[PDB]
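See below for the structure under consideration.
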Amino acid sequence: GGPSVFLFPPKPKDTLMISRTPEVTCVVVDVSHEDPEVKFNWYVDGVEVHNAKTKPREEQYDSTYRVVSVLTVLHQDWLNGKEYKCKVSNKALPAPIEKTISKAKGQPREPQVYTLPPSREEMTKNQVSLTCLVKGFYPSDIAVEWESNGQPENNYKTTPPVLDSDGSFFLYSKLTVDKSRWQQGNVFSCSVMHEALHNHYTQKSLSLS
Amino acid sequence: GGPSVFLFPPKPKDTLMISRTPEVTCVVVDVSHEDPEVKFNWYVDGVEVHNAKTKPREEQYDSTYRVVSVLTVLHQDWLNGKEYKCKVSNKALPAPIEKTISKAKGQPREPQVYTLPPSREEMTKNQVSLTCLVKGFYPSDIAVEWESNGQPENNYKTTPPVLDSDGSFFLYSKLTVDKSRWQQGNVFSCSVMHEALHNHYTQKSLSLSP
């Protein structure tokens with residue numbers, strides 16, 4: 001019946017592209033209305049840093065408080081495997097709560113990416129499903145997307161990562177499209193982002209090949 | 001730190017094929033070495049059953065002992081959505097713990113099964129990947145298996161079910177075979193089992209074209 005801490009890692013795409021801003025997020029929920037102050041302490045690989053920011057309190061419609069501190073991290077810092085220790089302390093907790101996080105420990109492995117067109121059998125339907133297999137990559141932090149003529153493809157679900165026989169991972173990403181398009185000749189591309197790829201980005205094509 | 005329960009549901013294959021026996025299982029972990037006394041009360045839709053059965057606990061190697069009681073349920077009683085309630089009770093525990101499982105509710109839906117050959121760009125490897133798309137099914141309970149002429153293929157992995165946009169589930173299974181076996185012909189079949197499938201079973205072949 002006190003505060004609980006949650007520490008989330010940066011978004012897969014955020015660490016892979018310098019363009020992006022990789023952030024680490026520490027959340028503090030159930031902060032006694034009585035004593036609503038939270039003190040965050042950030043340690044990068046043991047060393048305490050300070051450039052963290054804390055987004056304003058938010059009355060947890062049950063009068064408790066929700067407090068969040070966001071720490072910007074350097075890409076090559078997270079990819080190089082440093083640990084992020086977020087120490088949260090509050091006037092109502094004996095000792096502070098600590099939660100550390102980091103990139104999965106393991107030798108990175110490049111993801112082969114193959115595109116597979118819809119089954120003839122599936123053509124009886126009006127909607128068709130395009131398949132993008134992405135096997136043999138480590139760690140599992142990866143981003144898979146679809147686009148057609150530049151513009152991104154909306155309708156698509158990706159199966160979570162699955163641990164393959166050889167310590168590696170893999171998954172599929174199913175982009176659904178009006179058969180109409182698939183038959184016309186439109187071209188769709190599956191793009192994959194992961195640190196073990198050249199430029200952290202490969203892109204494979206798929207159409208009425 | 002005390003006794004808790006983990007009520008598990010039957011394996012998807014067991015509820016579909018009569019030949020086998022589907023069973024609901026009730027685990028009880030953290031049974032204080034002090035008091036290992038555990039009673040098991042099973043009730044199927046209110047009614048209580050006595051055909052239950054408790055598995056001889058084993059020392060979990062850290063004071064605590066875990067106790068499991070398996071109850072064999074009838075295929076249709078589960079497929080028809082009957083609830084199964086497990087009532088664990090121990091001297092060193094406030095009130096009796098309770099857990100109840102039951103098949104997901106909703107109109108079952110027949111899974112669409114497609115087999116997709118390995119990619120050409122993938123033919124530059126020692127081994128290739130055979131894909132089996134199983135989409136549009138509900139409830140997510142399902143079993144997917146591979147095989148080739150009698151002997152079942154035992155080097156495949158299947159992603160877990162994924163909630164599709166239309167409220168139904170879909171998965172992809174991946175069978176890895178030595179590129180050789182693939183070109184030399186040899187057909188492979190992806191067998192899918194679900195309550196919505198006629199006879200609870202279907203299977204698509206898949207082999208090299210010319």
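If you're wondering about the labels, chains in the structure tokens are A, B, ... by order shown, residues count from 1 in each chain, ligands from 1 in order shown.
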May I ask you to extract the residues of chain A within 8 Å of chain B, using only C-alpha atoms, and to give them as a ChimeraX atom specification? /A:114-119,121-122,157-162,164,171-172
If you run DSSP on this backbone, which residues of segment 69-126 of chain B come out as strand (DSSP E), and could you give them as a list in words?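 Written out, the strand (DSSP E) residues of segment 69-126 of chain B are residues 69, 70, 71, 72, 84, 85, 86, 87, 88, 89, 90, 97, 98, 99, 100, 101, 112, 113, 114, 115 and 116 of chain B.
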Selected residues written out, C-alpha atoms, as a JSON list (two decimals), in the first residue's frame:
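Done, and the output landed in selection_32.json:
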[["chain", "number", "residue", "atom", "x", "y", "z"],
["B", 69, "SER", "CA", -4.47, -31.65, -8.51],
["B", 70, "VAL", "CA", -5.47, -32.66, -12.04],
["B", 71, "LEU", "CA", -9.16, -33.02, -12.93],
["B", 72, "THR", "CA", -10.14, -34.82, -16.12],
["B", 84, "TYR", "CA", -14.32, -25.12, -13.63],
["B", 85, "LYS", "CA", -13.67, -23.95, -10.08],
["B", 86, "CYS", "CA", -10.75, -25.15, -7.99],
["B", 87, "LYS", "CA", -10.89, -24.57, -4.23],
["B", 88, "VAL", "CA", -7.53, -24.85, -2.51],
["B", 89, "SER", "CA", -7.46, -24.70, 1.26],
["B", 90, "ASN", "CA", -4.61, -24.82, 3.71],
["B", 97, "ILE", "CA", -8.23, -19.59, -2.38],
["B", 98, "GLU", "CA", -10.42, -19.76, -5.47],
["B", 99, "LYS", "CA", -9.78, -19.75, -9.21],
["B", 100, "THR", "CA", -12.14, -20.47, -12.09],
["B", 101, "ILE", "CA", -11.38, -21.02, -15.76],
["B", 112, "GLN", "CA", -7.94, -19.97, -42.83],
["B", 113, "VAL", "CA", -4.84, -22.01, -43.53],
["B", 114, "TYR", "CA", -2.25, -21.10, -46.11],
["B", 115, "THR", "CA", 1.25, -22.48, -46.71],
["B", 116, "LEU", "CA", 3.88, -20.13, -48.11]]
Which residues are close to segment 36-41 of chain B, i.e. within 12 Å by only C-alpha atoms, leaving aside same-chain residues fewer than 3 positions away? Reply as a VMD selection string. chain B and resid 2 to 5 25 to 33 44 46 to 59 63 to 71 84 to 93 96 to 100
Contacts of segment 14-25 of chain A within 6 Å, only C-alpha atoms, excl. fewer than 5 positions in-chain, as a list in words: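 Close residues of segment 14-25 of chain A: residues 7, 8, 9, 70, 71, 72, 73, 75 and 200 of chain A.
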Quick one: residues within 12 Å of residue 80 of chain B, only C-alpha atoms, excluding same-chain residues fewer than 3 positions away - as a ChimeraX atom specification? /B:15-16,45,73-77,83-84,102-108,195
Dump as a PDB file, in the first residue's frame, selection limited to N, CA, C and O atoms:
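Resulting contents of out.pdb:
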ATOM      1  N   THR B  15      -8.812 -31.141 -26.052  1.00  0.00           N
ATOM      2  CA  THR B  15     -10.238 -30.831 -26.073  1.00  0.00           C
ATOM      3  C   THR B  15     -10.845 -31.100 -27.449  1.00  0.00           C
ATOM      4  O   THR B  15     -12.066 -31.190 -27.597  1.00  0.00           O
ATOM      5  N   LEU B  16      -9.992 -31.228 -28.457  1.00  0.00           N
ATOM      6  CA  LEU B  16     -10.468 -31.454 -29.809  1.00  0.00           C
ATOM      7  C   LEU B  16     -10.577 -32.915 -30.234  1.00  0.00           C
ATOM      8  O   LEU B  16     -11.574 -33.310 -30.852  1.00  0.00           O
ATOM      9  N   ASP B  45     -19.356 -25.887 -12.766  1.00  0.00           N
ATOM     10  CA  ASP B  45     -20.603 -25.132 -12.865  1.00  0.00           C
ATOM     11  C   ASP B  45     -21.405 -25.349 -11.575  1.00  0.00           C
ATOM     12  O   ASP B  45     -22.460 -25.986 -11.585  1.00  0.00           O
ATOM     13  N   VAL B  73     -11.627 -33.459 -17.426  1.00  0.00           N
ATOM     14  CA  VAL B  73     -12.891 -32.905 -17.897  1.00  0.00           C
ATOM     15  C   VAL B  73     -13.338 -33.537 -19.209  1.00  0.00           C
ATOM     16  O   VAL B  73     -12.519 -34.028 -19.985  1.00  0.00           O
ATOM     17  N   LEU B  74     -14.647 -33.525 -19.441  1.00  0.00           N
ATOM     18  CA  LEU B  74     -15.220 -34.080 -20.658  1.00  0.00           C
ATOM     19  C   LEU B  74     -15.063 -33.071 -21.786  1.00  0.00           C
ATOM     20  O   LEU B  74     -15.224 -31.861 -21.593  1.00  0.00           O
ATOM     21  N   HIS B  75     -14.735 -33.580 -22.966  1.00  0.00           N
ATOM     22  CA  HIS B  75     -14.507 -32.734 -24.121  1.00  0.00           C
ATOM     23  C   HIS B  75     -15.599 -31.705 -24.368  1.00  0.00           C
ATOM     24  O   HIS B  75     -15.311 -30.511 -24.465  1.00  0.00           O
ATOM     25  N   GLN B  76     -16.851 -32.132 -24.457  1.00  0.00           N
ATOM     26  CA  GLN B  76     -17.897 -31.153 -24.695  1.00  0.00           C
ATOM     27  C   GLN B  76     -18.195 -30.230 -23.514  1.00  0.00           C
ATOM     28  O   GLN B  76     -18.535 -29.067 -23.713  1.00  0.00           O
ATOM     29  N   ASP B  77     -18.065 -30.720 -22.286  1.00  0.00           N
ATOM     30  CA  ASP B  77     -18.327 -29.852 -21.145  1.00  0.00           C
ATOM     31  C   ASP B  77     -17.417 -28.630 -21.219  1.00  0.00           C
ATOM     32  O   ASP B  77     -17.817 -27.547 -20.826  1.00  0.00           O
ATOM     33  N   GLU B  83     -17.798 -23.733 -16.599  1.00  0.00           N
ATOM     34  CA  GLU B  83     -16.755 -23.162 -15.757  1.00  0.00           C
ATOM     35  C   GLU B  83     -16.216 -24.227 -14.824  1.00  0.00           C
ATOM     36  O   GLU B  83     -16.964 -25.086 -14.356  1.00  0.00           O
ATOM     37  N   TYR B  84     -14.922 -24.167 -14.543  1.00  0.00           N
ATOM     38  CA  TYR B  84     -14.320 -25.118 -13.629  1.00  0.00           C
ATOM     39  C   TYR B  84     -13.699 -24.325 -12.492  1.00  0.00           C
ATOM     40  O   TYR B  84     -12.868 -23.440 -12.705  1.00  0.00           O
ATOM     41  N   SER B 102     -12.565 -21.185 -17.874  1.00  0.00           N
ATOM     42  CA  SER B 102     -13.641 -21.548 -18.782  1.00  0.00           C
ATOM     43  C   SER B 102     -13.267 -21.031 -20.173  1.00  0.00           C
ATOM     44  O   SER B 102     -12.774 -19.903 -20.318  1.00  0.00           O
ATOM     45  N   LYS B 103     -13.490 -21.858 -21.191  1.00  0.00           N
ATOM     46  CA  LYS B 103     -13.179 -21.476 -22.567  1.00  0.00           C
ATOM     47  C   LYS B 103     -13.633 -20.044 -22.831  1.00  0.00           C
ATOM     48  O   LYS B 103     -14.567 -19.553 -22.197  1.00  0.00           O
ATOM     49  N   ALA B 104     -12.960 -19.363 -23.749  1.00  0.00           N
ATOM     50  CA  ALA B 104     -13.346 -17.999 -24.060  1.00  0.00           C
ATOM     51  C   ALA B 104     -14.722 -18.050 -24.702  1.00  0.00           C
ATOM     52  O   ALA B 104     -15.043 -18.978 -25.466  1.00  0.00           O
ATOM     53  N   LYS B 105     -15.532 -17.047 -24.383  1.00  0.00           N
ATOM     54  CA  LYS B 105     -16.888 -16.958 -24.898  1.00  0.00           C
ATOM     55  C   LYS B 105     -16.879 -16.265 -26.266  1.00  0.00           C
ATOM     56  O   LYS B 105     -15.982 -15.483 -26.563  1.00  0.00           O
ATOM     57  N   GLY B 106     -17.869 -16.570 -27.101  1.00  0.00           N
ATOM     58  CA  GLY B 106     -17.931 -15.965 -28.418  1.00  0.00           C
ATOM     59  C   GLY B 106     -18.002 -17.006 -29.519  1.00  0.00           C
ATOM     60  O   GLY B 106     -17.557 -18.143 -29.336  1.00  0.00           O
ATOM     61  N   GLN B 107     -18.558 -16.616 -30.665  1.00  0.00           N
ATOM     62  CA  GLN B 107     -18.693 -17.518 -31.813  1.00  0.00           C
ATOM     63  C   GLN B 107     -17.362 -18.004 -32.347  1.00  0.00           C
ATOM     64  O   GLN B 107     -16.534 -17.209 -32.811  1.00  0.00           O
ATOM     65  N   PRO B 108     -17.123 -19.317 -32.269  1.00  0.00           N
ATOM     66  CA  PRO B 108     -15.851 -19.821 -32.793  1.00  0.00           C
ATOM     67  C   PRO B 108     -15.791 -19.473 -34.275  1.00  0.00           C
ATOM     68  O   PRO B 108     -16.816 -19.301 -34.925  1.00  0.00           O
ATOM     69  N   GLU B 195     -11.394 -26.002 -32.914  1.00  0.00           N
ATOM     70  CA  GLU B 195     -12.774 -26.455 -32.838  1.00  0.00           C
ATOM     71  C   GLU B 195     -13.643 -26.029 -34.033  1.00  0.00           C
ATOM     72  O   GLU B 195     -14.620 -26.695 -34.371  1.00  0.00           O
TER      73      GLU B 195
END
Spatial neighbours of residue 110 of chain B, 9 Å, only C-alpha atoms, chain gap at least 4 places, as a ChimeraX atom specification: /B:135-138,194-198
Please dump the current selection as a PDB file, in the first residue's frame; keep N, CA and C atoms.
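File written: part-v2.pdb
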ATOM      1  N   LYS B 135      -4.834 -17.733 -40.218  1.00  0.00           N
ATOM      2  CA  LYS B 135      -5.502 -16.486 -39.847  1.00  0.00           C
ATOM      3  C   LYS B 135      -7.019 -16.589 -39.741  1.00  0.00           C
ATOM      4  N   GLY B 136      -7.621 -15.562 -39.146  1.00  0.00           N
ATOM      5  CA  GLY B 136      -9.064 -15.509 -38.996  1.00  0.00           C
ATOM      6  C   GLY B 136      -9.740 -16.499 -38.054  1.00  0.00           C
ATOM      7  N   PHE B 137      -9.012 -17.039 -37.076  1.00  0.00           N
ATOM      8  CA  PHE B 137      -9.620 -18.002 -36.160  1.00  0.00           C
ATOM      9  C   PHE B 137      -9.915 -17.449 -34.783  1.00  0.00           C
ATOM     10  N   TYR B 138     -10.899 -18.067 -34.141  1.00  0.00           N
ATOM     11  CA  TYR B 138     -11.320 -17.715 -32.798  1.00  0.00           C
ATOM     12  C   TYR B 138     -12.055 -18.937 -32.251  1.00  0.00           C
ATOM     13  N   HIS B 194      -8.351 -27.024 -34.563  1.00  0.00           N
ATOM     14  CA  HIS B 194      -9.173 -26.002 -33.920  1.00  0.00           C
ATOM     15  C   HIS B 194     -10.622 -26.486 -33.871  1.00  0.00           C
ATOM     16  N   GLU B 195     -11.394 -26.002 -32.914  1.00  0.00           N
ATOM     17  CA  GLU B 195     -12.774 -26.455 -32.838  1.00  0.00           C
ATOM     18  C   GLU B 195     -13.643 -26.029 -34.033  1.00  0.00           C
ATOM     19  N   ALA B 196     -13.270 -24.925 -34.672  1.00  0.00           N
ATOM     20  CA  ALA B 196     -14.019 -24.386 -35.804  1.00  0.00           C
ATOM     21  C   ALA B 196     -13.768 -25.132 -37.094  1.00  0.00           C
ATOM     22  N   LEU B 197     -12.682 -25.880 -37.141  1.00  0.00           N
ATOM     23  CA  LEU B 197     -12.364 -26.654 -38.329  1.00  0.00           C
ATOM     24  C   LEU B 197     -13.276 -27.855 -38.343  1.00  0.00           C
ATOM     25  N   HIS B 198     -13.673 -28.275 -39.527  1.00  0.00           N
ATOM     26  CA  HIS B 198     -14.518 -29.437 -39.601  1.00  0.00           C
ATOM     27  C   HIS B 198     -13.661 -30.595 -39.087  1.00  0.00           C
TER      28      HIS B 198
END
Check the smallest atom-to-atom distance from each of B:175, B:24, B:134, B:7 to residue 189 of chain B using only C-alpha atoms, then report the winner.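 Ranked by minimum distance to residue 189 of chain B, first place goes to B:175.
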With DSSP run on the backbone, what are the alpha helix (DSSP H) residues within chain A? I'd like them as a PyMOL selection string. chain A and resi 12-16+75-78+179-184
